[PDB]
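A.B. asks: Below is target-v8.pdb; it holds PDB, C-alpha atoms.
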ATOM      1  CA  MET A   1       0.006 -29.968 -42.146  1.00  0.00           C
ATOM      2  CA  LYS A   2       1.916 -27.307 -40.197  1.00  0.00           C
ATOM      3  CA  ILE A   3       4.708 -27.951 -37.695  1.00  0.00           C
ATOM      4  CA  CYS A   4       8.134 -26.550 -36.767  1.00  0.00           C
ATOM      5  CA  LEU A   5      10.621 -28.497 -38.877  1.00  0.00           C
ATOM      6  CA  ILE A   6      14.093 -28.555 -37.282  1.00  0.00           C
ATOM      7  CA  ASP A   7      17.279 -30.019 -38.778  1.00  0.00           C
ATOM      8  CA  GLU A   8      19.790 -31.386 -36.288  1.00  0.00           C
ATOM      9  CA  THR A   9      21.823 -33.492 -38.740  1.00  0.00           C
ATOM     10  CA  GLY A  10      24.184 -30.869 -40.134  1.00  0.00           C
ATOM     11  CA  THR A  11      24.666 -32.935 -43.276  1.00  0.00           C
ATOM     12  CA  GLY A  12      23.065 -30.306 -45.475  1.00  0.00           C
ATOM     13  CA  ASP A  13      21.901 -33.023 -47.885  1.00  0.00           C
ATOM     14  CA  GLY A  14      18.331 -31.710 -47.940  1.00  0.00           C
ATOM     15  CA  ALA A  15      16.928 -34.811 -46.235  1.00  0.00           C
ATOM     16  CA  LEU A  16      14.408 -32.844 -44.144  1.00  0.00           C
ATOM     17  CA  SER A  17      13.182 -30.918 -47.198  1.00  0.00           C
ATOM     18  CA  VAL A  18      12.569 -34.231 -49.005  1.00  0.00           C
ATOM     19  CA  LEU A  19      10.820 -35.806 -46.032  1.00  0.00           C
ATOM     20  CA  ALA A  20       8.650 -32.734 -45.568  1.00  0.00           C
ATOM     21  CA  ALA A  21       7.588 -32.720 -49.236  1.00  0.00           C
ATOM     22  CA  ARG A  22       6.980 -36.488 -49.255  1.00  0.00           C
ATOM     23  CA  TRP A  23       4.461 -36.107 -46.438  1.00  0.00           C
ATOM     24  CA  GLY A  24       3.203 -32.662 -47.428  1.00  0.00           C
ATOM     25  CA  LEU A  25       4.538 -31.006 -44.290  1.00  0.00           C
ATOM     26  CA  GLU A  26       4.750 -27.200 -44.051  1.00  0.00           C
ATOM     27  CA  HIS A  27       7.353 -25.482 -41.847  1.00  0.00           C
ATOM     28  CA  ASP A  28       5.633 -23.354 -39.195  1.00  0.00           C
ATOM     29  CA  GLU A  29       8.328 -21.449 -37.272  1.00  0.00           C
ATOM     30  CA  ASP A  30       6.191 -20.643 -34.220  1.00  0.00           C
ATOM     31  CA  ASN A  31       4.267 -23.909 -34.128  1.00  0.00           C
ATOM     32  CA  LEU A  32       3.724 -25.339 -30.636  1.00  0.00           C
ATOM     33  CA  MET A  33       5.104 -28.663 -31.845  1.00  0.00           C
ATOM     34  CA  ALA A  34       8.352 -29.495 -33.663  1.00  0.00           C
ATOM     35  CA  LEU A  35       9.434 -32.414 -35.838  1.00  0.00           C
ATOM     36  CA  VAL A  36      13.191 -32.801 -35.466  1.00  0.00           C
ATOM     37  CA  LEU A  37      15.603 -34.786 -37.623  1.00  0.00           C
ATOM     38  CA  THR A  38      18.506 -35.917 -35.432  1.00  0.00           C
ATOM     39  CA  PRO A  39      21.436 -38.092 -36.492  1.00  0.00           C
ATOM     40  CA  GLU A  40      19.776 -40.926 -34.588  1.00  0.00           C
ATOM     41  CA  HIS A  41      16.193 -40.452 -35.787  1.00  0.00           C
ATOM     42  CA  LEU A  42      13.182 -38.252 -36.477  1.00  0.00           C
ATOM     43  CA  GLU A  43      11.396 -37.149 -33.287  1.00  0.00           C
ATOM     44  CA  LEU A  44       8.457 -35.033 -32.141  1.00  0.00           C
ATOM     45  CA  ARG A  45       8.899 -32.469 -29.353  1.00  0.00           C
ATOM     46  CA  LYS A  46       6.694 -30.128 -27.343  1.00  0.00           C
ATOM     47  CA  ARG A  47       8.725 -26.916 -27.616  1.00  0.00           C
ATOM     48  CA  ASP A  48       7.275 -25.198 -24.533  1.00  0.00           C
ATOM     49  CA  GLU A  49       8.257 -28.229 -22.439  1.00  0.00           C
ATOM     50  CA  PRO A  50      11.903 -29.208 -23.106  1.00  0.00           C
ATOM     51  CA  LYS A  51      11.918 -31.262 -19.899  1.00  0.00           C
ATOM     52  CA  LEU A  52       9.499 -33.668 -21.625  1.00  0.00           C
ATOM     53  CA  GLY A  53      12.027 -34.705 -24.251  1.00  0.00           C
ATOM     54  CA  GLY A  54      11.290 -36.075 -27.700  1.00  0.00           C
ATOM     55  CA  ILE A  55       9.311 -39.051 -28.916  1.00  0.00           C
ATOM     56  CA  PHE A  56      10.185 -41.345 -31.799  1.00  0.00           C
ATOM     57  CA  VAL A  57       9.286 -44.717 -33.326  1.00  0.00           C
ATOM     58  CA  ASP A  58      11.945 -47.312 -32.546  1.00  0.00           C
ATOM     59  CA  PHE A  59      11.322 -51.005 -33.266  1.00  0.00           C
ATOM     60  CA  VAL A  60      14.913 -51.905 -32.308  1.00  0.00           C
ATOM     61  CA  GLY A  61      15.145 -50.858 -28.663  1.00  0.00           C
ATOM     62  CA  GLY A  62      13.330 -48.911 -25.968  1.00  0.00           C
ATOM     63  CA  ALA A  63       9.728 -49.756 -25.065  1.00  0.00           C
ATOM     64  CA  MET A  64       8.970 -51.669 -28.262  1.00  0.00           C
ATOM     65  CA  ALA A  65      11.894 -54.071 -27.811  1.00  0.00           C
ATOM     66  CA  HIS A  66      10.980 -54.511 -24.145  1.00  0.00           C
ATOM     67  CA  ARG A  67       7.359 -55.382 -24.964  1.00  0.00           C
ATOM     68  CA  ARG A  68       8.545 -57.739 -27.746  1.00  0.00           C
ATOM     69  CA  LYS A  69      10.709 -59.703 -25.316  1.00  0.00           C
ATOM     70  CA  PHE A  70       8.414 -59.492 -22.282  1.00  0.00           C
ATOM     71  CA  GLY A  71       4.912 -58.573 -23.472  1.00  0.00           C
ATOM     72  CA  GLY A  72       4.044 -62.168 -24.323  1.00  0.00           C
ATOM     73  CA  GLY A  73       3.688 -62.127 -28.106  1.00  0.00           C
ATOM     74  CA  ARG A  74       0.795 -64.414 -29.025  1.00  0.00           C
ATOM     75  CA  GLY A  75      -0.294 -64.099 -25.413  1.00  0.00           C
ATOM     76  CA  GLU A  76      -1.028 -60.405 -25.756  1.00  0.00           C
ATOM     77  CA  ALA A  77      -4.616 -59.218 -25.515  1.00  0.00           C
ATOM     78  CA  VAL A  78      -4.421 -57.772 -29.027  1.00  0.00           C
ATOM     79  CA  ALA A  79      -2.913 -60.962 -30.454  1.00  0.00           C
ATOM     80  CA  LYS A  80      -5.835 -62.961 -29.061  1.00  0.00           C
ATOM     81  CA  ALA A  81      -8.399 -60.427 -30.274  1.00  0.00           C
ATOM     82  CA  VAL A  82      -7.274 -60.732 -33.917  1.00  0.00           C
ATOM     83  CA  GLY A  83      -7.744 -64.481 -33.544  1.00  0.00           C
ATOM     84  CA  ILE A  84      -4.104 -65.568 -33.404  1.00  0.00           C
ATOM     85  CA  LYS A  85      -3.934 -69.173 -32.255  1.00  0.00           C
ATOM     86  CA  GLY A  86      -1.988 -72.307 -33.079  1.00  0.00           C
ATOM     87  CA  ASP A  87      -0.474 -71.981 -36.540  1.00  0.00           C
ATOM     88  CA  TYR A  88      -3.058 -69.345 -37.481  1.00  0.00           C
ATOM     89  CA  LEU A  89      -1.260 -66.057 -38.301  1.00  0.00           C
ATOM     90  CA  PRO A  90      -3.713 -63.874 -40.295  1.00  0.00           C
ATOM     91  CA  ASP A  91      -2.775 -61.048 -42.619  1.00  0.00           C
ATOM     92  CA  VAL A  92      -3.685 -57.795 -40.922  1.00  0.00           C
ATOM     93  CA  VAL A  93      -4.376 -54.257 -42.027  1.00  0.00           C
ATOM     94  CA  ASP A  94      -4.054 -51.684 -39.243  1.00  0.00           C
ATOM     95  CA  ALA A  95      -6.109 -48.712 -40.428  1.00  0.00           C
ATOM     96  CA  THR A  96      -4.994 -46.502 -37.512  1.00  0.00           C
ATOM     97  CA  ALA A  97      -1.291 -47.357 -37.109  1.00  0.00           C
ATOM     98  CA  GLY A  98      -0.380 -44.339 -34.997  1.00  0.00           C
ATOM     99  CA  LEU A  99       2.910 -45.144 -33.281  1.00  0.00           C
ATOM    100  CA  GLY A 100       2.773 -48.702 -34.618  1.00  0.00           C
ATOM    101  CA  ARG A 101       2.909 -50.297 -31.190  1.00  0.00           C
ATOM    102  CA  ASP A 102       0.119 -52.863 -31.674  1.00  0.00           C
ATOM    103  CA  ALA A 103       1.007 -53.376 -35.331  1.00  0.00           C
ATOM    104  CA  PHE A 104       4.580 -54.251 -34.327  1.00  0.00           C
ATOM    105  CA  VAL A 105       3.354 -56.877 -31.877  1.00  0.00           C
ATOM    106  CA  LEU A 106       1.210 -58.544 -34.518  1.00  0.00           C
ATOM    107  CA  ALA A 107       4.045 -58.550 -37.050  1.00  0.00           C
ATOM    108  CA  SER A 108       6.447 -59.812 -34.368  1.00  0.00           C
ATOM    109  CA  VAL A 109       4.215 -62.790 -33.600  1.00  0.00           C
ATOM    110  CA  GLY A 110       4.253 -63.750 -37.267  1.00  0.00           C
ATOM    111  CA  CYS A 111       1.477 -61.753 -38.933  1.00  0.00           C
ATOM    112  CA  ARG A 112       1.877 -59.962 -42.236  1.00  0.00           C
ATOM    113  CA  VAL A 113       0.778 -56.420 -41.320  1.00  0.00           C
ATOM    114  CA  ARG A 114       0.010 -53.402 -43.502  1.00  0.00           C
ATOM    115  CA  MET A 115      -0.260 -50.090 -41.664  1.00  0.00           C
ATOM    116  CA  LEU A 116      -2.184 -47.019 -42.734  1.00  0.00           C
ATOM    117  CA  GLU A 117      -1.724 -43.575 -41.158  1.00  0.00           C
ATOM    118  CA  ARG A 118      -3.548 -40.529 -42.523  1.00  0.00           C
ATOM    119  CA  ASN A 119      -1.814 -38.009 -40.233  1.00  0.00           C
ATOM    120  CA  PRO A 120       1.288 -36.860 -42.183  1.00  0.00           C
ATOM    121  CA  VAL A 121       3.398 -36.024 -39.095  1.00  0.00           C
ATOM    122  CA  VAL A 122       2.685 -39.375 -37.443  1.00  0.00           C
ATOM    123  CA  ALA A 123       3.250 -41.158 -40.766  1.00  0.00           C
ATOM    124  CA  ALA A 124       6.637 -39.429 -41.036  1.00  0.00           C
ATOM    125  CA  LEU A 125       7.641 -40.765 -37.632  1.00  0.00           C
ATOM    126  CA  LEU A 126       6.565 -44.315 -38.558  1.00  0.00           C
ATOM    127  CA  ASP A 127       8.371 -44.272 -41.895  1.00  0.00           C
ATOM    128  CA  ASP A 128      11.594 -43.182 -40.202  1.00  0.00           C
ATOM    129  CA  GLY A 129      11.331 -45.934 -37.616  1.00  0.00           C
ATOM    130  CA  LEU A 130      10.564 -48.420 -40.351  1.00  0.00           C
ATOM    131  CA  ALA A 131      13.701 -47.261 -42.158  1.00  0.00           C
ATOM    132  CA  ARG A 132      15.808 -47.903 -39.058  1.00  0.00           C
ATOM    133  CA  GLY A 133      13.998 -51.128 -38.254  1.00  0.00           C
ATOM    134  CA  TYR A 134      14.563 -52.513 -41.759  1.00  0.00           C
ATOM    135  CA  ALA A 135      18.274 -51.797 -41.357  1.00  0.00           C
ATOM    136  CA  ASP A 136      18.508 -54.011 -38.268  1.00  0.00           C
ATOM    137  CA  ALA A 137      20.759 -57.048 -38.626  1.00  0.00           C
ATOM    138  CA  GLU A 138      18.400 -59.131 -36.470  1.00  0.00           C
ATOM    139  CA  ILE A 139      14.825 -58.077 -37.338  1.00  0.00           C
ATOM    140  CA  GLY A 140      15.396 -56.028 -40.489  1.00  0.00           C
ATOM    141  CA  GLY A 141      14.660 -59.080 -42.602  1.00  0.00           C
ATOM    142  CA  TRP A 142      11.254 -60.234 -41.402  1.00  0.00           C
ATOM    143  CA  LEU A 143      10.261 -56.681 -40.437  1.00  0.00           C
ATOM    144  CA  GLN A 144      10.555 -55.504 -44.025  1.00  0.00           C
ATOM    145  CA  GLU A 145       8.099 -58.206 -45.037  1.00  0.00           C
ATOM    146  CA  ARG A 146       5.661 -58.312 -42.109  1.00  0.00           C
ATOM    147  CA  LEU A 147       5.385 -54.606 -41.251  1.00  0.00           C
ATOM    148  CA  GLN A 148       4.921 -52.079 -44.047  1.00  0.00           C
ATOM    149  CA  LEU A 149       3.396 -48.633 -44.142  1.00  0.00           C
ATOM    150  CA  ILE A 150       0.879 -47.276 -46.609  1.00  0.00           C
ATOM    151  CA  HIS A 151      -0.140 -43.647 -46.936  1.00  0.00           C
ATOM    152  CA  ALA A 152      -3.833 -43.380 -47.829  1.00  0.00           C
ATOM    153  CA  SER A 153      -7.290 -42.530 -46.448  1.00  0.00           C
ATOM    154  CA  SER A 154      -8.421 -45.356 -44.175  1.00  0.00           C
ATOM    155  CA  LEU A 155     -11.977 -44.600 -45.323  1.00  0.00           C
ATOM    156  CA  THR A 156     -11.487 -44.704 -49.100  1.00  0.00           C
ATOM    157  CA  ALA A 157      -8.391 -46.891 -49.497  1.00  0.00           C
ATOM    158  CA  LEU A 158      -9.754 -49.317 -46.910  1.00  0.00           C
ATOM    159  CA  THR A 159     -11.640 -50.782 -49.868  1.00  0.00           C
ATOM    160  CA  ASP A 160      -9.041 -50.698 -52.652  1.00  0.00           C
ATOM    161  CA  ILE A 161      -6.594 -52.695 -50.519  1.00  0.00           C
ATOM    162  CA  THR A 162      -5.434 -55.890 -52.220  1.00  0.00           C
ATOM    163  CA  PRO A 163      -5.036 -58.687 -51.508  1.00  0.00           C
ATOM    164  CA  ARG A 164      -7.827 -58.559 -48.926  1.00  0.00           C
ATOM    165  CA  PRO A 165      -6.546 -59.052 -45.352  1.00  0.00           C
ATOM    166  CA  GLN A 166      -8.169 -61.631 -43.094  1.00  0.00           C
ATOM    167  CA  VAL A 167      -8.312 -59.079 -40.278  1.00  0.00           C
ATOM    168  CA  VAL A 168      -8.720 -55.320 -39.968  1.00  0.00           C
ATOM    169  CA  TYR A 169      -7.617 -53.699 -36.740  1.00  0.00           C
ATOM    170  CA  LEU A 170      -8.917 -50.342 -35.608  1.00  0.00           C
ATOM    171  CA  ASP A 171      -7.792 -48.150 -32.720  1.00  0.00           C
ATOM    172  CA  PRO A 172      -8.737 -44.548 -33.603  1.00  0.00           C
ATOM    173  CA  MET A 173      -7.908 -41.753 -31.191  1.00  0.00           C
ATOM    174  CA  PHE A 174     -10.898 -41.623 -28.854  1.00  0.00           C
ATOM    175  CA  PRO A 175     -11.931 -38.213 -27.418  1.00  0.00           C
ATOM    176  CA  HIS A 176      -9.931 -38.355 -24.178  1.00  0.00           C
ATOM    177  CA  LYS A 177      -9.427 -35.902 -21.320  1.00  0.00           C
ATOM    178  CA  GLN A 178      -8.032 -38.230 -18.649  1.00  0.00           C
ATOM    179  CA  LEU A 182      -0.988 -38.251 -20.077  1.00  0.00           C
ATOM    180  CA  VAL A 183       0.860 -39.926 -17.173  1.00  0.00           C
ATOM    181  CA  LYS A 184       4.121 -40.290 -19.093  1.00  0.00           C
ATOM    182  CA  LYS A 185       6.045 -38.224 -21.629  1.00  0.00           C
ATOM    183  CA  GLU A 186       5.628 -40.656 -24.529  1.00  0.00           C
ATOM    184  CA  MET A 187       1.945 -39.693 -24.437  1.00  0.00           C
ATOM    185  CA  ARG A 188       1.826 -36.095 -23.254  1.00  0.00           C
ATOM    186  CA  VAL A 189       3.906 -34.987 -26.229  1.00  0.00           C
ATOM    187  CA  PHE A 190       2.048 -37.199 -28.701  1.00  0.00           C
ATOM    188  CA  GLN A 191      -1.466 -36.385 -27.461  1.00  0.00           C
ATOM    189  CA  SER A 192      -0.438 -32.735 -27.618  1.00  0.00           C
ATOM    190  CA  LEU A 193      -0.137 -33.270 -31.390  1.00  0.00           C
ATOM    191  CA  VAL A 194      -2.771 -35.829 -32.356  1.00  0.00           C
ATOM    192  CA  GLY A 195      -6.359 -35.104 -31.463  1.00  0.00           C
ATOM    193  CA  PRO A 196      -9.493 -37.283 -31.621  1.00  0.00           C
ATOM    194  CA  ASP A 197     -10.244 -38.870 -34.997  1.00  0.00           C
ATOM    195  CA  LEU A 198     -13.536 -37.069 -35.693  1.00  0.00           C
ATOM    196  CA  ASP A 199     -14.640 -39.666 -38.266  1.00  0.00           C
ATOM    197  CA  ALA A 200     -13.610 -42.790 -36.325  1.00  0.00           C
ATOM    198  CA  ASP A 201     -17.172 -44.150 -36.293  1.00  0.00           C
ATOM    199  CA  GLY A 202     -17.080 -44.188 -40.076  1.00  0.00           C
ATOM    200  CA  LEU A 203     -14.281 -46.767 -40.099  1.00  0.00           C
ATOM    201  CA  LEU A 204     -16.281 -49.800 -38.962  1.00  0.00           C
ATOM    202  CA  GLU A 205     -18.367 -50.298 -42.145  1.00  0.00           C
ATOM    203  CA  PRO A 206     -15.519 -50.195 -44.681  1.00  0.00           C
ATOM    204  CA  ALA A 207     -13.402 -52.333 -42.324  1.00  0.00           C
ATOM    205  CA  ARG A 208     -16.002 -55.112 -42.069  1.00  0.00           C
ATOM    206  CA  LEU A 209     -16.196 -55.142 -45.865  1.00  0.00           C
ATOM    207  CA  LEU A 210     -12.427 -55.335 -46.404  1.00  0.00           C
ATOM    208  CA  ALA A 211     -11.665 -57.989 -43.761  1.00  0.00           C
ATOM    209  CA  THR A 212     -12.644 -61.475 -44.894  1.00  0.00           C
ATOM    210  CA  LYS A 213     -12.685 -62.873 -41.371  1.00  0.00           C
ATOM    211  CA  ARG A 214     -12.631 -60.355 -38.541  1.00  0.00           C
ATOM    212  CA  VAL A 215     -12.557 -56.692 -37.567  1.00  0.00           C
ATOM    213  CA  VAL A 216     -11.032 -55.806 -34.196  1.00  0.00           C
ATOM    214  CA  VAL A 217     -11.663 -52.509 -32.403  1.00  0.00           C
ATOM    215  CA  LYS A 218      -9.620 -51.405 -29.399  1.00  0.00           C
ATOM    216  CA  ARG A 219     -11.832 -49.511 -26.965  1.00  0.00           C
ATOM    217  CA  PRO A 220     -10.938 -47.836 -23.677  1.00  0.00           C
ATOM    218  CA  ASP A 221     -13.013 -48.882 -20.664  1.00  0.00           C
ATOM    219  CA  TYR A 222     -16.573 -47.528 -20.744  1.00  0.00           C
ATOM    220  CA  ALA A 223     -16.085 -46.254 -24.298  1.00  0.00           C
ATOM    221  CA  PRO A 224     -19.093 -46.954 -26.543  1.00  0.00           C
ATOM    222  CA  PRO A 225     -18.688 -49.530 -29.296  1.00  0.00           C
ATOM    223  CA  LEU A 226     -17.519 -48.010 -32.588  1.00  0.00           C
ATOM    224  CA  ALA A 227     -20.451 -46.572 -34.570  1.00  0.00           C
ATOM    225  CA  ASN A 228     -22.686 -47.779 -31.720  1.00  0.00           C
ATOM    226  CA  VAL A 229     -22.690 -51.240 -33.303  1.00  0.00           C
ATOM    227  CA  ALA A 230     -22.950 -53.688 -30.411  1.00  0.00           C
ATOM    228  CA  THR A 231     -21.214 -57.054 -30.422  1.00  0.00           C
ATOM    229  CA  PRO A 232     -21.316 -60.000 -27.959  1.00  0.00           C
ATOM    230  CA  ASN A 233     -17.687 -60.896 -28.730  1.00  0.00           C
ATOM    231  CA  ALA A 234     -14.860 -59.012 -27.001  1.00  0.00           C
ATOM    232  CA  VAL A 235     -11.481 -59.590 -25.347  1.00  0.00           C
ATOM    233  CA  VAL A 236     -11.209 -57.628 -22.103  1.00  0.00           C
ATOM    234  CA  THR A 237      -7.954 -56.389 -20.597  1.00  0.00           C
ATOM    235  CA  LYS A 238      -6.698 -53.850 -18.088  1.00  0.00           C
ATOM    236  CA  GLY A 239      -8.046 -50.407 -18.949  1.00  0.00           C
ATOM    237  CA  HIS A 240      -9.565 -51.373 -22.303  1.00  0.00           C
ATOM    238  CA  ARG A 241     -11.229 -54.056 -24.421  1.00  0.00           C
ATOM    239  CA  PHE A 242     -11.235 -55.350 -27.986  1.00  0.00           C
ATOM    240  CA  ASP A 243     -14.631 -55.503 -29.707  1.00  0.00           C
ATOM    241  CA  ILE A 244     -14.737 -58.280 -32.282  1.00  0.00           C
ATOM    242  CA  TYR A 245     -16.852 -58.170 -35.452  1.00  0.00           C
ATOM    243  CA  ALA A 246     -17.297 -60.642 -38.279  1.00  0.00           C
ATOM    244  CA  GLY A 247     -15.794 -59.648 -41.628  1.00  0.00           C
ATOM    245  CA  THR A 248     -17.036 -60.430 -45.147  1.00  0.00           C
ATOM    246  CA  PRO A 249     -16.186 -63.937 -46.453  1.00  0.00           C
ATOM    247  CA  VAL A 250     -14.691 -64.036 -49.949  1.00  0.00           C
TER
END
Let me see whether you can do it: turn the structure in this file into structure tokens.
C.D. replies:
Amino acid sequence: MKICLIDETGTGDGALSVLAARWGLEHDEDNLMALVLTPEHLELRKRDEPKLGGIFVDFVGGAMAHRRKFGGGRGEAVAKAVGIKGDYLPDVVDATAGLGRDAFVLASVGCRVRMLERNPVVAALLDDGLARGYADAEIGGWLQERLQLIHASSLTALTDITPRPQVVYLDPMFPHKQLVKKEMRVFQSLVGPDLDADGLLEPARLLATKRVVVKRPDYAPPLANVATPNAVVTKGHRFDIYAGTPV
């Protein structure tokens, strides 16, 4: 995958070169987007719009820490969709991690989560945030065990995953046009619709032993057109619930 790789560390240790090779990233000097390695973290920027700033994955502060403390935890719409209740904290596989926002909530509530991200540039951002998150004196401990990243095809590896997770969560990039903030304008400018999203449902329902949860924006059709009477509705979107495959 092509993108403008920029080093703002000054160390000269070759860290960016290693990270690029690890995720199969190719430097593209005149690419519209740029992946920058700062002393603080790895961020994505929209070169033609400096005023927008850069976006990065941070489990320690910012929006993720705010949502952790104020979002409600087990009371979140996504927490209820996966079936979280009482002492029930299922193992989850998030086949469309993206920025890891939902995945972080689930891990924060007490779920053992395994994230998968096929997009190399997004995966690079997650890995960097995971590195920083693991190094946190407060959450670094449980984070390292409840939130881990895996690089593989969510269509082929979604079957070889072991041990089988009780729940599989899906939230593929839906073909949108409707963002309002910078954290999305920059990102959306990079990541486009997941053309094979519909193909995720089947392998997901096979992997999960209890439930498959699909986040869907309002009015969006169910994934793969497979209807379901079970769903948790929220503001601006819903979570379609499907039965998994008992062991």
A.B. asks: Which residues would end up in the selection if the PyMOL selection byres ((chain A and resi 150) around 9) were applied here, given that I need the answer as a list in words?
C.D. replies: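 Checked against the file, the PyMOL selection byres ((chain A and resi 150) around 9) matches residues 114, 115, 116, 117, 123, 148, 149, 151 and 152 of chain A.
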A.B. asks: Quick one: distance from CA of residue 127 (chain A) to CA of residue 244 (chain A) in Å, one decimal?
C.D. replies: 28.7 Å
A.B. asks: What is the CA of residue 163 (chain A) to CA of residue 135 (chain A) distance in Å?
C.D. replies: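 Value for the CA of residue 163 (chain A)-CA of residue 135 (chain A) distance: 26.3 Å.
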A.B. asks: Within 6 Å of region 81-97 of chain A, counting all atoms listed in the file, which residues show up once you throw out same-chain ones fewer than 5 positions away? Write them as number ranges by chain, please.
C.D. replies: A: 111-117, 154, 165-172, 235
A.B. asks: Once the PyMOL selection byres ((chain A and resi 40) around 12) is applied to the coordinates I shared, what remains selected? I want it as a list in words.
C.D. replies: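 For this structure, the PyMOL selection byres ((chain A and resi 40) around 12) captures residues 7, 8, 9, 36, 37, 38, 39, 41, 42, 43, 54, 56, 57, 58, 128, 129, 131 and 132 of chain A.
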A.B. asks: Go ahead and save the residues from that selection, with C-alpha atoms, as a JSON list (two decimals), in the frame of the given file.
C.D. replies:
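Everything below was put into again_3.json:
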[["chain", "number", "residue", "atom", "x", "y", "z"],
["A", 7, "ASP", "CA", 17.28, -30.02, -38.78],
["A", 8, "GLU", "CA", 19.79, -31.39, -36.29],
["A", 9, "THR", "CA", 21.82, -33.49, -38.74],
["A", 36, "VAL", "CA", 13.19, -32.80, -35.47],
["A", 37, "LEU", "CA", 15.60, -34.79, -37.62],
["A", 38, "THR", "CA", 18.51, -35.92, -35.43],
["A", 39, "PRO", "CA", 21.44, -38.09, -36.49],
["A", 41, "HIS", "CA", 16.19, -40.45, -35.79],
["A", 42, "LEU", "CA", 13.18, -38.25, -36.48],
["A", 43, "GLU", "CA", 11.40, -37.15, -33.29],
["A", 54, "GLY", "CA", 11.29, -36.08, -27.70],
["A", 56, "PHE", "CA", 10.18, -41.34, -31.80],
["A", 57, "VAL", "CA", 9.29, -44.72, -33.33],
["A", 58, "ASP", "CA", 11.94, -47.31, -32.55],
["A", 128, "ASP", "CA", 11.59, -43.18, -40.20],
["A", 129, "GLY", "CA", 11.33, -45.93, -37.62],
["A", 131, "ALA", "CA", 13.70, -47.26, -42.16],
["A", 132, "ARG", "CA", 15.81, -47.90, -39.06]]
